[PDB]
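Peer 1: One structure is given below, represented as structure tokens, and several questions about it will come after.
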Number of protein chains: 2
Amino acid sequence: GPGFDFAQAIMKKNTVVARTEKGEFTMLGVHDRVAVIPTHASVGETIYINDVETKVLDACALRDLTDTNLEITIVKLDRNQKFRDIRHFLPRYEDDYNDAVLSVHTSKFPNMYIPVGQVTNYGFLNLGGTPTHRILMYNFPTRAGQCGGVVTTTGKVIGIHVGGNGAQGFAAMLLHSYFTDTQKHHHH
Amino acid sequence: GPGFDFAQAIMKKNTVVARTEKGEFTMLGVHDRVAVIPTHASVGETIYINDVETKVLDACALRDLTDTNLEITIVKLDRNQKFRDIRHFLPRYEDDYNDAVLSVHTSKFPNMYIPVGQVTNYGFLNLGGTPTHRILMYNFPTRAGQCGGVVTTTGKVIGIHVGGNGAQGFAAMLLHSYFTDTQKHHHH
Ligand SMILES: *[C@@H](CC(=O)OCC)[C@H](C[C@@H]1CCNC1=O)NC(=O)[C@H](Cc1ccccc1)NC(=O)OCc1ccccc1
Ligand SMILES: *[C@@H](CC(=O)OCC)[C@H](C[C@@H]1CCNC1=O)NC(=O)[C@H](Cc1ccccc1)NC(=O)OCc1ccccc1
């Protein structure tokens, strides 16, 4: 059955409530002070984390080599506590999955779990008017208030919720290589 | 940890979406064509069950011997399918419980699970102006849309959600003897 225990352990140690000009989002912390949030949350230079105003030291809105929105923004936060490192739970590659759970952590829903069933590598999505790539789809009627929600199976954190049409929900993929230590250049 | 599997098996086989003049409620089916719903759903002589209009053959608004609201209404429904008999999962007596789950099945939330933690035998509640008895309390900020939601621990179905003040949630108890086959008299 659905990996509720795994979902709950991720929610407990690795989510915070984030709030921007656009409202509240579930926020998954990945390692150190690095977390993710859907790009359309429109992150600025400060953000509320569990109602504490917090400096955004870095924010990268991911796009692929076709210059198309992936709907993931990676943020680095000025806070004291480090997130438990969960990069080993991120999938290496695109894939399809069985029996996933969607978990939400907002002020309205501090702890909620939704089995969304089978998750398919969907690809292209016109996301409320923005072309977007690398989308996962599940047949569940997801709602406003669930963006940022964490999509897991047992042992894998696979995406964060970003959209729905009333019948399906859509998550942006998380891939291991989004977060590898690496060597870089000028990005803003 | 929380008995998510048990909660899910109850939701799968024993809940329907019920809709009255007051809106949608999670509805737990108990045995045969007998189900429960919070009294303030204000059940009439027909009700929608999964959007199918359905005759209410009987509705009993439970009150205790002090003539006080228990907030449970037991209904008998004119439908073809029998509910799986779950009376053996109902507690015999009032009690306190650990690590409970609150499960909701409405159109907006067809399948949602919320760990509400410790559940205490609370007693008297002024429920939005109606004196009410035999209430369970959990420290979780429950919301509109969750009434009727099923409160379980592993192996026990213990109540249905009926109220909250923004910080706590309140469920009406379910006791085994509410549903025993019995011999009766004139009740309307
Ligand atoms: C999540 C964000 C939100 O509600 O707004 C501020 C918190 C929301 C979830 C979505 C709404 C209906 N059902 C759902 O599962 N996502 C969106 O509204 C999304 C735009 C957005 C905004 C902020 C952050 C991330 C994304 N737009 C959307 O879902 O449009 C509907 C759609 C989707 C796919 C195909 C066609 C139409
Ligand atoms: C559930 C019913 C509802 O939303 O209305 C139509 C579907 C709702 C849940 C409650 C609302 C805020 N947080 C919650 O967990 N219950 C009530 O609103 C309840 C009256 C009612 C109506 C229909 C069916 C059952 C019960 N009233 C209520 O909760 O009042 C607030 C309160 C509670 C306890 C002490 C003080 C004040």
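Labels used: A, B, ... for chains in the order of the structure tokens, numbers from 1 for residues in each chain, and numbers from 1 for ligands as shown.
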I need the residues in segment 8-187 of chain A that are alpha helix (DSSP H) according to DSSP; give them as a list in words.
Peer 2: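 Alpha helix (DSSP H) assignments inside segment 8-187 of chain A correspond to residues 8, 9, 10, 11, 12, 13 and 14 of chain A.
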Peer 1: Any idea what's packed within 8 Å of residue 51 of chain A, counting only C-alpha atoms, ignoring anything in its chain fewer than 5 positions away? Could you give it as a list in words?
Peer 2: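 With the cut-off at 8 Å, the set is residues 17, 18 and 19 of chain A.
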Peer 1: How would the residues just picked look written out with C-alpha atoms as a tab-separated table (two decimals), in the first residue's frame?
Peer 2:
chain	number	residue	atom	x	y	z
A	17	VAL	CA	5.32	26.56	5.79
A	18	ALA	CA	6.57	29.21	3.35
A	19	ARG	CA	4.66	32.38	2.56
Peer 1: Find the residue from A:7, A:174, A:65, A:70 that sits nearest to chain B; use only C-alpha atoms when measuring.
Peer 2: A:7
Peer 1: Identify all chain B residues at most 9 Å from chain A by counting only C-alpha atoms; ligands do not count. Present them as a ChimeraX atom specification.
Peer 2: /B:1-2,4-5,107-116,140-143
Peer 1: Just the selected residues (N, CA, C and O atoms), exported as a PDB file, in the first residue's frame, please.
Peer 2:
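Result saved to selection-v2.pdb:
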ATOM      1  N   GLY B   1       3.537   4.071  15.074  1.00  0.00           N
ATOM      2  CA  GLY B   1       2.976   5.317  14.429  1.00  0.00           C
ATOM      3  C   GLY B   1       1.467   5.258  14.111  1.00  0.00           C
ATOM      4  O   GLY B   1       0.808   4.244  14.421  1.00  0.00           O
ATOM      5  N   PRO B   2       0.908   6.321  13.475  1.00  0.00           N
ATOM      6  CA  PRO B   2      -0.554   6.354  13.146  1.00  0.00           C
ATOM      7  C   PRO B   2      -1.011   5.168  12.274  1.00  0.00           C
ATOM      8  O   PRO B   2      -0.279   4.764  11.337  1.00  0.00           O
ATOM      9  N   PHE B   4      -2.516   4.352   9.560  1.00  0.00           N
ATOM     10  CA  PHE B   4      -2.953   4.799   8.220  1.00  0.00           C
ATOM     11  C   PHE B   4      -3.579   3.705   7.390  1.00  0.00           C
ATOM     12  O   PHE B   4      -4.538   3.945   6.648  1.00  0.00           O
ATOM     13  N   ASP B   5      -3.024   2.507   7.483  1.00  0.00           N
ATOM     14  CA  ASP B   5      -3.565   1.375   6.741  1.00  0.00           C
ATOM     15  C   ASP B   5      -5.009   1.062   7.157  1.00  0.00           C
ATOM     16  O   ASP B   5      -5.905   0.915   6.306  1.00  0.00           O
ATOM     17  N   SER B 107     -16.464  15.517  -1.970  1.00  0.00           N
ATOM     18  CA  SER B 107     -16.135  15.799  -3.382  1.00  0.00           C
ATOM     19  C   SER B 107     -14.807  16.572  -3.476  1.00  0.00           C
ATOM     20  O   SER B 107     -13.983  16.260  -4.316  1.00  0.00           O
ATOM     21  N   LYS B 108     -14.632  17.584  -2.624  1.00  0.00           N
ATOM     22  CA  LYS B 108     -13.398  18.349  -2.563  1.00  0.00           C
ATOM     23  C   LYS B 108     -12.188  17.512  -2.137  1.00  0.00           C
ATOM     24  O   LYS B 108     -11.090  17.699  -2.661  1.00  0.00           O
ATOM     25  N   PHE B 109     -12.399  16.611  -1.173  1.00  0.00           N
ATOM     26  CA  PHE B 109     -11.318  15.781  -0.658  1.00  0.00           C
ATOM     27  C   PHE B 109     -11.735  14.317  -0.687  1.00  0.00           C
ATOM     28  O   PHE B 109     -12.125  13.762   0.344  1.00  0.00           O
ATOM     29  N   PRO B 110     -11.625  13.677  -1.859  1.00  0.00           N
ATOM     30  CA  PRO B 110     -12.164  12.308  -1.946  1.00  0.00           C
ATOM     31  C   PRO B 110     -11.423  11.318  -1.064  1.00  0.00           C
ATOM     32  O   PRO B 110     -11.970  10.276  -0.738  1.00  0.00           O
ATOM     33  N   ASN B 111     -10.232  11.663  -0.602  1.00  0.00           N
ATOM     34  CA  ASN B 111      -9.435  10.733   0.191  1.00  0.00           C
ATOM     35  C   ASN B 111      -8.269  11.438   0.869  1.00  0.00           C
ATOM     36  O   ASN B 111      -7.228  11.656   0.227  1.00  0.00           O
ATOM     37  N   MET B 112      -8.431  11.800   2.139  1.00  0.00           N
ATOM     38  CA  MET B 112      -7.449  12.590   2.860  1.00  0.00           C
ATOM     39  C   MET B 112      -7.326  12.083   4.302  1.00  0.00           C
ATOM     40  O   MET B 112      -8.345  11.811   4.941  1.00  0.00           O
ATOM     41  N   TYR B 113      -6.088  12.013   4.804  1.00  0.00           N
ATOM     42  CA  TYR B 113      -5.754  11.482   6.109  1.00  0.00           C
ATOM     43  C   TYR B 113      -4.950  12.503   6.890  1.00  0.00           C
ATOM     44  O   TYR B 113      -3.944  13.054   6.369  1.00  0.00           O
ATOM     45  N   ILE B 114      -5.417  12.751   8.123  1.00  0.00           N
ATOM     46  CA  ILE B 114      -4.816  13.670   9.041  1.00  0.00           C
ATOM     47  C   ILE B 114      -4.546  13.042  10.421  1.00  0.00           C
ATOM     48  O   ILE B 114      -5.484  12.744  11.179  1.00  0.00           O
ATOM     49  N   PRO B 115      -3.255  12.885  10.775  1.00  0.00           N
ATOM     50  CA  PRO B 115      -2.893  12.450  12.134  1.00  0.00           C
ATOM     51  C   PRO B 115      -3.218  13.587  13.070  1.00  0.00           C
ATOM     52  O   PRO B 115      -2.763  14.701  12.861  1.00  0.00           O
ATOM     53  N   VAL B 116      -4.066  13.347  14.062  1.00  0.00           N
ATOM     54  CA  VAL B 116      -4.478  14.437  14.936  1.00  0.00           C
ATOM     55  C   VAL B 116      -3.829  14.277  16.327  1.00  0.00           C
ATOM     56  O   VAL B 116      -4.039  15.112  17.224  1.00  0.00           O
ATOM     57  N   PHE B 140      -5.700  19.583  17.156  1.00  0.00           N
ATOM     58  CA  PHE B 140      -5.435  19.816  15.751  1.00  0.00           C
ATOM     59  C   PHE B 140      -6.423  20.848  15.206  1.00  0.00           C
ATOM     60  O   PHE B 140      -7.615  20.771  15.498  1.00  0.00           O
ATOM     61  N   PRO B 141      -5.933  21.805  14.391  1.00  0.00           N
ATOM     62  CA  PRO B 141      -6.816  22.853  13.861  1.00  0.00           C
ATOM     63  C   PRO B 141      -7.689  22.378  12.662  1.00  0.00           C
ATOM     64  O   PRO B 141      -7.414  22.690  11.487  1.00  0.00           O
ATOM     65  N   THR B 142      -8.780  21.692  12.983  1.00  0.00           N
ATOM     66  CA  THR B 142      -9.668  21.120  11.983  1.00  0.00           C
ATOM     67  C   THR B 142     -10.511  22.195  11.354  1.00  0.00           C
ATOM     68  O   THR B 142     -10.697  23.281  11.933  1.00  0.00           O
ATOM     69  N   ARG B 143     -11.047  21.888  10.176  1.00  0.00           N
ATOM     70  CA  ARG B 143     -11.674  22.907   9.355  1.00  0.00           C
ATOM     71  C   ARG B 143     -13.062  22.486   8.902  1.00  0.00           C
ATOM     72  O   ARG B 143     -13.432  21.303   8.971  1.00  0.00           O
TER      73      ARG B 143
END
Peer 1: Hey, what's within 7 Å of residue 16 of chain A if we count only C-alpha atoms and toss same-chain stuff fewer than 3 positions away? As a short mmCIF file (atom, residue, chain, number, x, y, z; two decimals) with N, CA and C atoms, in the first residue's frame, please?
Peer 2:
data_model
loop_
_atom_site.label_atom_id
_atom_site.label_comp_id
_atom_site.auth_asym_id
_atom_site.auth_seq_id
_atom_site.Cartn_x
_atom_site.Cartn_y
_atom_site.Cartn_z
N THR A 26 3.50 24.69 0.84
CA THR A 26 4.31 23.69 1.47
C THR A 26 5.76 23.86 0.93
N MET A 27 6.78 23.79 1.80
CA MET A 27 8.16 23.93 1.33
C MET A 27 8.99 22.78 1.82
N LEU A 28 9.58 22.07 0.86
CA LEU A 28 10.45 20.97 1.15
C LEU A 28 11.89 21.44 1.29
N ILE A 49 9.02 31.90 6.83
CA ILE A 49 9.20 30.49 7.05
C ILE A 49 8.62 30.20 8.47
N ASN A 50 7.53 29.42 8.52
CA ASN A 50 6.79 29.21 9.79
C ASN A 50 6.51 30.55 10.46
N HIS A 105 1.80 20.74 4.07
CA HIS A 105 2.10 21.39 5.37
C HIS A 105 1.95 22.91 5.20
#
Peer 1: Please, which residues of segment 27-168 of chain B, numbered as in this document, come out strand (DSSP E or B) from DSSP, as a CSV table (one decimal) with N, CA and C atoms, in the first residue's frame?
Peer 2:
chain,number,residue,atom,x,y,z
B,27,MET,N,-19.5,10.3,5.3
B,27,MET,CA,-20.5,9.5,5.9
B,27,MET,C,-20.0,8.1,6.1
B,28,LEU,N,-19.9,7.6,7.3
B,28,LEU,CA,-19.5,6.3,7.7
B,28,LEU,C,-20.6,5.3,7.6
B,29,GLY,N,-20.5,4.3,6.9
B,29,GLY,CA,-21.5,3.2,6.8
B,29,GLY,C,-21.0,2.1,7.8
B,30,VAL,N,-21.9,1.7,8.7
B,30,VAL,CA,-21.6,0.8,9.8
B,30,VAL,C,-21.9,-0.7,9.6
B,31,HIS,N,-23.1,-1.0,9.1
B,31,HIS,CA,-23.5,-2.3,8.8
B,31,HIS,C,-24.8,-2.2,7.9
B,32,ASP,N,-25.1,-3.3,7.1
B,32,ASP,CA,-26.3,-3.3,6.3
B,32,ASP,C,-26.5,-2.0,5.5
B,34,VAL,N,-27.1,0.9,7.2
B,34,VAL,CA,-27.1,1.8,8.3
B,34,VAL,C,-25.8,2.6,8.3
B,35,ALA,N,-25.9,3.9,8.5
B,35,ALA,CA,-24.7,4.8,8.4
B,35,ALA,C,-24.9,5.9,9.5
B,36,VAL,N,-23.9,6.6,9.7
B,36,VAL,CA,-24.0,7.8,10.6
B,36,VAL,C,-23.6,9.1,9.9
B,37,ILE,N,-24.0,10.2,10.5
B,37,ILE,CA,-23.7,11.5,10.0
B,37,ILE,C,-24.0,12.5,11.2
B,38,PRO,N,-23.2,13.6,11.2
B,38,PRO,CA,-23.4,14.5,12.4
B,38,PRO,C,-24.8,15.1,12.3
B,46,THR,N,-34.9,12.6,2.2
B,46,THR,CA,-34.0,12.1,1.1
B,46,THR,C,-32.6,12.8,1.3
B,47,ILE,N,-31.6,12.1,0.8
B,47,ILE,CA,-30.2,12.5,1.0
B,47,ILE,C,-29.5,12.1,-0.3
B,48,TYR,N,-28.5,12.9,-0.7
B,48,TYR,CA,-27.6,12.4,-1.8
B,48,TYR,C,-26.4,11.6,-1.3
B,49,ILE,N,-26.2,10.4,-1.9
B,49,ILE,CA,-25.2,9.5,-1.5
B,49,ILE,C,-24.3,9.3,-2.8
B,52,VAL,N,-26.1,10.3,-5.8
B,52,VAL,CA,-27.3,9.6,-6.1
B,52,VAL,C,-28.4,9.9,-5.0
B,53,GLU,N,-29.5,10.5,-5.4
B,53,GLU,CA,-30.6,10.8,-4.5
B,53,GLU,C,-31.2,9.5,-3.9
B,54,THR,N,-31.3,9.5,-2.6
B,54,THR,CA,-31.5,8.3,-1.8
B,54,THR,C,-32.5,8.6,-0.7
B,55,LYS,N,-33.5,7.7,-0.6
B,55,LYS,CA,-34.5,7.7,0.5
B,55,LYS,C,-33.9,7.5,1.8
B,56,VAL,N,-34.2,8.3,2.8
B,56,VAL,CA,-33.8,8.0,4.2
B,56,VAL,C,-35.0,7.3,4.8
B,57,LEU,N,-34.9,6.0,5.0
B,57,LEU,CA,-35.9,5.2,5.6
B,57,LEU,C,-36.1,5.4,7.1
B,58,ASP,N,-35.0,5.7,7.8
B,58,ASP,CA,-35.0,6.1,9.2
B,58,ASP,C,-33.9,7.0,9.5
B,59,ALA,N,-34.1,8.0,10.4
B,59,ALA,CA,-33.0,8.8,10.9
B,59,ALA,C,-33.2,9.0,12.4
B,60,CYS,N,-32.3,8.6,13.3
B,60,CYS,CA,-32.4,8.8,14.7
B,60,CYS,C,-31.3,9.8,15.3
B,61,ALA,N,-31.7,10.9,15.7
B,61,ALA,CA,-30.8,11.9,16.3
B,61,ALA,C,-30.5,11.5,17.8
B,62,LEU,N,-29.4,10.9,18.0
B,62,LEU,CA,-29.1,10.4,19.4
B,62,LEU,C,-29.0,11.5,20.4
B,63,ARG,N,-29.6,11.3,21.6
B,63,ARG,CA,-29.5,12.1,22.8
B,63,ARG,C,-29.3,11.2,24.0
B,69,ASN,N,-28.1,16.5,23.3
B,69,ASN,CA,-27.4,16.2,22.1
B,69,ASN,C,-26.1,15.4,22.2
B,70,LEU,N,-26.1,14.2,21.5
B,70,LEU,CA,-24.8,13.5,21.3
B,70,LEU,C,-24.2,13.8,19.9
B,71,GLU,N,-24.9,14.5,19.1
B,71,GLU,CA,-24.5,15.0,17.8
B,71,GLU,C,-24.3,13.9,16.7
B,72,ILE,N,-24.7,12.6,17.1
B,72,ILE,CA,-24.7,11.5,16.1
B,72,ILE,C,-26.2,11.3,15.6
B,73,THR,N,-26.3,11.2,14.3
B,73,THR,CA,-27.6,10.7,13.7
B,73,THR,C,-27.4,9.4,13.0
B,74,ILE,N,-28.2,8.4,13.3
B,74,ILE,CA,-28.0,7.2,12.6
B,74,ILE,C,-29.1,7.1,11.6
B,75,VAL,N,-28.7,6.7,10.3
B,75,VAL,CA,-29.7,6.8,9.3
B,75,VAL,C,-29.7,5.4,8.7
B,76,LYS,N,-30.9,5.0,8.1
B,76,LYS,CA,-31.0,3.8,7.4
B,76,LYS,C,-31.4,4.2,6.0
B,77,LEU,N,-30.7,3.6,5.0
B,77,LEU,CA,-30.8,4.2,3.6
B,77,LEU,C,-31.5,3.2,2.7
B,83,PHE,N,-23.3,-2.2,3.5
B,83,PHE,CA,-22.0,-1.8,4.0
B,83,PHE,C,-21.3,-3.1,4.7
B,97,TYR,N,-7.3,7.9,23.7
B,97,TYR,CA,-6.7,7.1,22.6
B,97,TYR,C,-5.4,7.8,22.2
B,98,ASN,N,-4.5,7.1,21.6
B,98,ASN,CA,-3.2,7.6,21.2
B,98,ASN,C,-3.1,7.7,19.6
B,99,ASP,N,-2.5,8.7,19.1
B,99,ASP,CA,-2.0,8.7,17.7
B,99,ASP,C,-3.2,8.4,16.7
B,100,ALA,N,-4.3,9.1,16.8
B,100,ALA,CA,-5.5,8.8,16.0
B,100,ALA,C,-5.3,9.5,14.6
B,101,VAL,N,-6.0,8.9,13.6
B,101,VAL,CA,-6.2,9.5,12.3
B,101,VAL,C,-7.6,10.0,12.1
B,102,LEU,N,-7.7,11.1,11.4
B,102,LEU,CA,-9.0,11.7,11.0
B,102,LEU,C,-9.0,11.6,9.4
B,103,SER,N,-10.0,10.8,8.9
B,103,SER,CA,-10.1,10.6,7.4
B,103,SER,C,-11.3,11.2,6.9
B,104,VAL,N,-11.2,11.9,5.7
B,104,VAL,CA,-12.3,12.7,5.1
B,104,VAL,C,-12.5,12.1,3.7
B,112,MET,N,-8.4,11.8,2.1
B,112,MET,CA,-7.4,12.6,2.9
B,112,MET,C,-7.3,12.1,4.3
B,113,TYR,N,-6.1,12.0,4.8
B,113,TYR,CA,-5.8,11.5,6.1
B,113,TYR,C,-5.0,12.5,6.9
B,114,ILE,N,-5.4,12.8,8.1
B,114,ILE,CA,-4.8,13.7,9.0
B,114,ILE,C,-4.5,13.0,10.4
B,115,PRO,N,-3.3,12.9,10.8
B,115,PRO,CA,-2.9,12.4,12.1
B,115,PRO,C,-3.2,13.6,13.1
B,116,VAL,N,-4.1,13.3,14.1
B,116,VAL,CA,-4.5,14.4,14.9
B,116,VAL,C,-3.8,14.3,16.3
B,117,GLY,N,-3.1,13.2,16.5
B,117,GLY,CA,-2.4,12.9,17.7
B,117,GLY,C,-3.3,12.2,18.8
B,118,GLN,N,-3.1,12.6,20.0
B,118,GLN,CA,-3.7,12.1,21.2
B,118,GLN,C,-5.2,12.6,21.2
B,119,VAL,N,-6.1,11.6,21.6
B,119,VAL,CA,-7.5,11.9,21.6
B,119,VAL,C,-8.0,11.8,23.1
B,120,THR,N,-8.6,12.8,23.6
B,120,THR,CA,-9.1,12.6,25.0
B,120,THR,C,-10.6,12.6,25.1
B,121,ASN,N,-11.1,11.8,26.0
B,121,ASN,CA,-12.5,11.8,26.4
B,121,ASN,C,-12.8,13.2,27.1
B,122,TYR,N,-13.4,14.1,26.4
B,122,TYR,CA,-13.5,15.5,26.8
B,122,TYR,C,-14.8,15.8,27.6
B,123,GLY,N,-15.9,15.1,27.2
B,123,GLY,CA,-17.2,15.3,27.9
B,123,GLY,C,-18.1,16.3,27.2
B,124,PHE,N,-18.4,17.3,28.1
B,124,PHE,CA,-19.3,18.4,27.7
B,124,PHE,C,-18.6,19.4,26.8
B,125,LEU,N,-19.4,19.7,25.7
B,125,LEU,CA,-18.9,20.8,24.8
B,125,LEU,C,-20.1,21.6,24.5
B,126,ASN,N,-20.0,22.9,24.5
B,126,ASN,CA,-20.9,23.8,24.0
B,126,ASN,C,-20.6,23.9,22.5
B,127,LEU,N,-21.3,23.2,21.7
B,127,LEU,CA,-21.0,23.1,20.3
B,127,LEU,C,-21.6,24.1,19.4
B,130,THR,N,-25.0,24.7,21.0
B,130,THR,CA,-25.7,23.6,21.4
B,130,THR,C,-25.0,22.8,22.4
B,131,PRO,N,-25.5,22.7,23.6
B,131,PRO,CA,-24.9,21.7,24.6
B,131,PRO,C,-24.8,20.3,24.1
B,132,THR,N,-23.7,19.7,24.2
B,132,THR,CA,-23.4,18.4,23.6
B,132,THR,C,-22.6,17.6,24.6
B,133,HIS,N,-22.8,16.2,24.6
B,133,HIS,CA,-22.1,15.3,25.5
B,133,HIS,C,-21.3,14.3,24.8
B,134,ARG,N,-20.4,13.7,25.5
B,134,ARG,CA,-19.7,12.5,25.0
B,134,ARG,C,-18.7,12.9,23.9
B,135,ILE,N,-18.2,14.0,24.0
B,135,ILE,CA,-17.2,14.5,23.0
B,135,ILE,C,-15.8,14.1,23.2
B,136,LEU,N,-15.1,13.7,22.1
B,136,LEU,CA,-13.6,13.5,22.0
B,136,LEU,C,-12.9,14.7,21.5
B,137,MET,N,-11.7,15.0,22.1
B,137,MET,CA,-11.0,16.2,21.7
B,137,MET,C,-9.6,15.8,21.3
B,138,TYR,N,-9.1,16.5,20.2
B,138,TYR,CA,-7.7,16.3,19.7
B,138,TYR,C,-7.2,17.7,19.5
B,150,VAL,N,-13.9,10.5,9.8
B,150,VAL,CA,-13.8,9.3,10.6
B,150,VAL,C,-12.5,9.3,11.4
B,151,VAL,N,-12.6,9.1,12.8
B,151,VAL,CA,-11.5,9.1,13.7
B,151,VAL,C,-11.2,7.7,14.0
B,152,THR,N,-10.0,7.2,13.6
B,152,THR,CA,-9.6,5.9,14.0
B,152,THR,C,-8.3,5.8,14.7
B,153,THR,N,-8.1,4.7,15.4
B,153,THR,CA,-6.7,4.2,15.7
B,153,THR,C,-6.7,2.8,15.0
B,156,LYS,N,-9.7,0.3,15.8
B,156,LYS,CA,-10.9,0.9,16.4
B,156,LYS,C,-11.4,2.2,15.6
B,157,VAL,N,-12.7,2.1,15.4
B,157,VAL,CA,-13.4,3.3,14.9
B,157,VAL,C,-14.1,4.0,16.0
B,158,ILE,N,-13.7,5.2,16.3
B,158,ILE,CA,-14.0,5.8,17.6
B,158,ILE,C,-14.9,7.0,17.7
B,159,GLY,N,-15.1,7.6,16.5
B,159,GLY,CA,-15.9,8.8,16.5
B,159,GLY,C,-16.0,9.4,15.1
B,160,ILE,N,-16.8,10.5,14.9
B,160,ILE,CA,-16.9,11.2,13.7
B,160,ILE,C,-16.8,12.7,14.1
B,161,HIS,N,-16.1,13.4,13.2
B,161,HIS,CA,-15.7,14.8,13.5
B,161,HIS,C,-16.9,15.7,13.4
B,162,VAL,N,-17.1,16.7,14.3
B,162,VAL,CA,-18.3,17.5,14.4
B,162,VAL,C,-18.0,18.9,14.6
B,163,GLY,N,-16.8,19.3,15.1
B,163,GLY,CA,-16.5,20.7,15.4
B,163,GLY,C,-15.1,21.0,15.7
B,164,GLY,N,-14.8,22.3,15.8
B,164,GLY,CA,-13.4,22.7,16.1
B,164,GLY,C,-13.4,24.2,16.4
Peer 1: Which is closest to ligand 2 among B:14, B:39, B:68, B:180, if we use only C-alpha atoms and all ligand atoms?
Peer 2: B:39
Peer 1: In terms of the shortest atom-to-atom distance over only C-alpha atoms and all ligand atoms, which of A:167, A:172, A:144, A:9 is closest to ligand 1?
Peer 2: A:144
Peer 1: As an exercise, work out the distance from atom CA of residue 165 of chain A to atom 19 (C, counted along the ligand's line) of ligand 1 in Å and give it to one decimal place.
Peer 2: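 Rounded to one decimal, the two atoms are 9.1 Å apart.
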Peer 1: Rank nothing, just name the residue among B:168, B:66, B:154, B:15 nearest to ligand 2, using only C-alpha atoms and all ligand atoms.
Peer 2: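 Under the stated criterion, the closest residue is B:168.
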Peer 1: What separation in Å, quoted to one decimal, exists between atom CA of residue 139 of chain A and atom 4 (O, counted along the ligand's line) of ligand 1?
Peer 2: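 Atom 4 (O, counted along the ligand's line) of ligand 1 lies at a distance of 17.7 Å from atom CA of residue 139 of chain A.
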Peer 1: So how far away is atom CA of residue 43 of chain A from atom 25 (C, counted along the ligand's line) of ligand 1, in Å?
Peer 2: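 Separation of atom 25 (C, counted along the ligand's line) of ligand 1 and atom CA of residue 43 of chain A: 11.2 Å.
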